[PDB]
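Participant: in their complex positions, the first chains:
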Amino acid sequence: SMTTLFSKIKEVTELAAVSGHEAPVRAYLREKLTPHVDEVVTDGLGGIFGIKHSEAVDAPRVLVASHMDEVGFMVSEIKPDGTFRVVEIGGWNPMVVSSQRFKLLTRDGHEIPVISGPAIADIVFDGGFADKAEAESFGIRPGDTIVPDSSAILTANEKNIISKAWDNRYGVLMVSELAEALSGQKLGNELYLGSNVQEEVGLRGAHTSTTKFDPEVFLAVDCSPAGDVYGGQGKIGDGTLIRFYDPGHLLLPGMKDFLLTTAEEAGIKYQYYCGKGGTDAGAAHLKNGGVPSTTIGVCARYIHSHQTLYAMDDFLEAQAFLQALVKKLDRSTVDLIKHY
Amino acid sequence: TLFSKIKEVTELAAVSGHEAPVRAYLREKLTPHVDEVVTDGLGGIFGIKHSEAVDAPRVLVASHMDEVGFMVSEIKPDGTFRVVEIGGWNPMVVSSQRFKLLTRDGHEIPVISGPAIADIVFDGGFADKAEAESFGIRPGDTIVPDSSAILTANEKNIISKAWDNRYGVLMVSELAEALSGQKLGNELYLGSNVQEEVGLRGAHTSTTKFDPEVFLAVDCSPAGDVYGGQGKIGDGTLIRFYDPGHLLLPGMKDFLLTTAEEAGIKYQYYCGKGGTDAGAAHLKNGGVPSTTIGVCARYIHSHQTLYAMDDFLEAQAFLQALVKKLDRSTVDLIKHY
């Protein structure tokens, strides 16, 4: 049902968690993970993962990870006049930063409204205070996290959603839905399902979770820019992405075979995609003894802004594809992925 | 003989991520001279040569199998391809060059290039997207330079592609053979990494997997002799004291320099502008002192690299003496803190 999918998306995209401060998103995931998994574990930096044990003898470790954080800003100084100067957390196009609603998140638990009024460090951020003292008197300090404020809404044709943070609440929902869907099932792999911390700042959580859990194979779950509207590639509604290239990662032949095989058998709509940015796979695949990877993905328009536009159908295709992928991963198939 | 051996390796096609054909070559050449042939998660191949010596330290010796090339980013409606670069290309050398496009179904299709790399037309002589696709061609396909190894007029030098780093690949092959009979004071790991051209990627994984105490990269670097820079074709193997990614530690330097004099090795000092597998490897585990047993060559990362055979011989003798002299005493000295 589309009405339900939207509600689920509205919930996850309206949660507020900037890199290094993803407790609200973790709390959400813990509550959705626990009932469908044997064990809930955590890495040093705050990443949560459900372990789903396998009855299979040589069950290979498979890690599936999205990321919990979203792009945002962080207070670097409080001016004497009460305004804030910020540092970007995650990559922002300065063209989109001016005149935007945000929520400043205080250490003592305040949620104070803040707007931006072209270098980021010079952009005025404004909470309507009369001076430094008053701002400070509301619990505000240098280091406080500033999250975009944007509700999720259906587009006129009801096929698409406009919201913030589809990157990467898509992957948060995708991970949640996966746990629900595989609950009854018994897999041929030892499944580690969850979400990374601190991806937006340089794939930081993917270093630590991949190391901690020693997976043989890794599937990132993450969305990327759709350039269809800009004459570039990645077209909304054309399905899940086969990410063969990005500056940090090359899709290996063995993995490519398995992706295309699985997509063909489960009747999945997919499109080839040449990434220009990096996903968690970029860091993960270099960890331990080496971990073949990809990113099970959706594209979306205007990533890293308040107004990301994306297709609901793309999610369904991506979900089914992630389901089929993990179901089919076992001793035989990872050995084949890693046939050297 | 040395030429044919170089002709063979240099003409093999293996772009980063797609090095099975070079793995197949190393497998066949490593297996008979080694106790065990192992593989990392990403596809690096290494022979293990067991040592009798008690407390024998682990030594990793690695070149890399991948060369520079391009990858299909899209097929245009008109049947041409736009590409992304796999490994660093100077855009001045890319136009009007032959390539082999490698299909997943096993086709080898002739492709030429016709300024930003993404704007350069890659052409296979197809009428439209459909025809290109009917030949098995898909976004993601590997595109490898098409250039053969030949002798220069004086028969002392070779012109080819991929001497970076089929040098190191051959270097690792000749090492296994030379050490076949021998027994060493070190637990030898001997082979070649994957995906070096795209950021020393495999060097992370192989070094983490095999937990060596000492690491010897085997790679070639630019020669500037002809442009007035440093690095002179024919002046022997490289003493790489510096690059942006890695500093040659005093312990290792003493061991490099000492060995070189003992074995009568011709060598030149060499400050590097680019990285080697050592840059990544030395930072793995608890830390692993490293260098690169190197040769310089003119016009690296092109279809037309030019290099001296003599330099190979020099670096080979140097590699041999180095791993022979590596034992508990000498790696403890190297790590004398």
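Facilitator: Perfect, thanks for sending it. Numbers count the residues shown, from 1 in each chain, chains lettered A, B, ... in the order given.
Participant: only C-alpha atoms from now on, for both contacts and neighbour counts.
Facilitator: OK.
Participant: what about residue A:139, which SS state?
Facilitator: Counting by DSSP: H, G, I helix; E, B strand; the rest coil, the backbone at residue A:139 sits in coil.
Participant: I figured it hits residue A:111, correct?
Facilitator: No. With contact defined as CA atoms under 8 Å, residue A:139 does not reach residue A:111; the gap is 9.8 Å.
Participant: what do those two both touch?
Facilitator: The overlap between the contact sets of residue A:139 and residue A:111 (CA atoms under 8 Å, 6 or more residues apart in numbering or on different chains) is empty.
Participant: can you show me the helices along chain A?
Facilitator: Counting by DSSP state H, one finds helices in chain A at the ranges A:2-13, A:23-33, A:132-137, A:166-182, A:204-213, A:253-265, A:281-284, A:312-328, A:331-337.
Participant: for the second one, which positions count as buried?
Facilitator: Right, helix A:23-33. Within helix A:23-33, the residues that count as buried by 16 or more other CA atoms under 10 Å in any protein chain shown are A:23, A:25-26, A:28-30, A:32-33.
Participant: from those, which is closest to chain B?
Facilitator: residue A:33 (28.9 Å; CA to the nearest CA).
Participant: and the closest one, what does it touch?
Facilitator: A:40, A:49-50, A:176, A:179, A:194.
Participant: tell me the contacts of residue A:237?
Facilitator: Contacts here follow CA under 8 Å, 6+ apart; on that basis residue A:237 touches A:310-314.
Participant: how near is it to residue A:271?
Facilitator: Distance of residue A:237 to residue A:271, given as CA to CA, to the nearest Å: 10 Å.
Participant: skip the chain neighbours and tell me the closest residue to whichever residue of the stretch 201-340 of chain A sits closest to chain B.
Facilitator: Relative to chain B, the nearest point of the stretch 201-340 of chain A is residue A:290 (4.1 Å; CA to the nearest CA). Excluding its sequence neighbours, the residue lying closest to residue A:290 (CA to CA, 6 or more residues apart in numbering or on different chains) is residue B:41, at 4.1 Å.
Participant: include chain C as well:
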Amino acid sequence: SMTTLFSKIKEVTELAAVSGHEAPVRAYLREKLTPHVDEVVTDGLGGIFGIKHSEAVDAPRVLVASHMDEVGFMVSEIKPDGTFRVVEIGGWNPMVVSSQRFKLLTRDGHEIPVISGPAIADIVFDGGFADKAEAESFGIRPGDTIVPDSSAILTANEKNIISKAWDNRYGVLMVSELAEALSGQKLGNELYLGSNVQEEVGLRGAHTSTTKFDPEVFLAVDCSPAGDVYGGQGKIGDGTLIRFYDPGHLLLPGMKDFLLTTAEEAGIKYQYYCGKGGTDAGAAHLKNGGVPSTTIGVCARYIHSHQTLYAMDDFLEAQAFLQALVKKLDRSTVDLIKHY
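Facilitator: Chain C goes in next, on the same frame as the chains above:
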């Protein structure tokens, strides 16, 4: 058969003849012309032509010429370090010059492998010698010709070819095939059939051959840039060219009438073509009392490089068109071309 054509094309394009140095191609044309021709003559600069005598009473002389030279380089100096600086022979886009194989052709007959390592005079040409002395010991001198080194190969679909010097071994082969196919037949014109010297350095041979043989009508046979791939006109496989204009030559109305009439009666596939460069016709038509001309043409992608891409099919359309033209050129038709 398409396989026999490739052989003939591989042959012509692999010969080595930069401007001023076309003995190798001239040796080829002598061997192919003599059996099918009454007489073989030469101009003061090195151009060769077969003379096919006519029985027709007031038979007009008709000159058909390709050119034997290709673009390459010439040693300007030998540096003390053994490398060479060069001067261009023919126009090169400097973008295609770096990292290319060549054969340096010595006066004493050595063929020495040379590669290039942005102004052309600044580009390092490398023979892999130790010093100026060693280079000179191999007979290398300032002036030695440096010829592109590139073999001829079929494209995947076997309809097209990748090689060097299709400009203008196209026309060399076109002139050869003309001789063979017309051997035995008898024409209403005194046919002069052959190839010019030094076209690439300024249509220099076309000056001297035309003056010497005094034709009434001139047919250049030369290939030109396909622009299709860049959104320009001239499309591979679309046929033989109707060169109505170029900076050095205007197609005269009488000649145009003859061209279109002939093509259309002989079922020739053709495409209109506005040239941006010159061909032998530009020099030839201004010689003696005036000599109406065109260029019986074909386009090819990436001219003046090691990697030119062209259709065998186009050659066949050009060849059929050339035959039809020369067979139909006689006193009535050249008089009509010259109807003033």
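Participant: please reconsider the contacts of residue A:33 now that chain C is part of the model.
Facilitator: Contacts of residue A:33 by CA under 8 Å, 6+ apart are A:40, A:49-50, A:176, A:179, A:194.
Participant: 7 Å instead, please
Facilitator: Counting by CA atoms under 7 Å, 6 or more residues apart in numbering or on different chains, residue A:33 touches A:50, A:176, A:179.
Participant: what about the first one, how many residues nearby?
Facilitator: In this case it means residue A:50. 27 (other CA atoms under 10 Å in any protein chain shown).
Participant: same check on residue A:36?
Facilitator: 19.
Participant: how close does residue A:28 sit to chain C?
Facilitator: Separation of residue A:28 from chain C (CA to the nearest CA, to the nearest Å) stands at 53 Å.
Participant: actually residue A:291, not the one I wrote
Facilitator: 36 Å.
Participant: list phi and psi for the residue of chain A found nearest chain C.
Facilitator: Nearest to chain C, among the residues of chain A, is residue A:231, at 17.2 Å (CA to the nearest CA). With angles defined as degrees, to the nearest 10, residue A:231 sits at phi 80, psi 0.
Participant: now do stretch A:190-209: distance from first to last residue.
Facilitator: 15 Å.
Participant: ok, residues contacting it?
Facilitator: Counting by CA under 7 Å, 6+ apart, A:19-20, A:22, A:43, A:45-54, A:59-71, A:89-90, A:172, A:175, A:280, A:283-284, A:287 sit against stretch A:190-209.
Participant: check whether residue A:86 really touches residue A:72, as I assumed.
Facilitator: No. Taking contacts as CA atoms under 7 Å, residue A:86 lies outside contact range of residue A:72: 9.7 Å.
Participant: could you chop chain A up by domain?
Facilitator: Per curated CATH domains, the structural domains of chain A span A:1-74+A:150-340, A:76-149.
Participant: ends of the first one, how far apart?
Facilitator: In this case it means domain A:1-74+A:150-340. Terminal-residue distance, domain A:1-74+A:150-340 (CA to CA): 43 Å.
Participant: give me the distance from it to the chain's centre.
Facilitator: Put simply, domain A:1-74+A:150-340 sits 7 Å off its chain's centre (CA atoms, centre = their mean, to the nearest Å).
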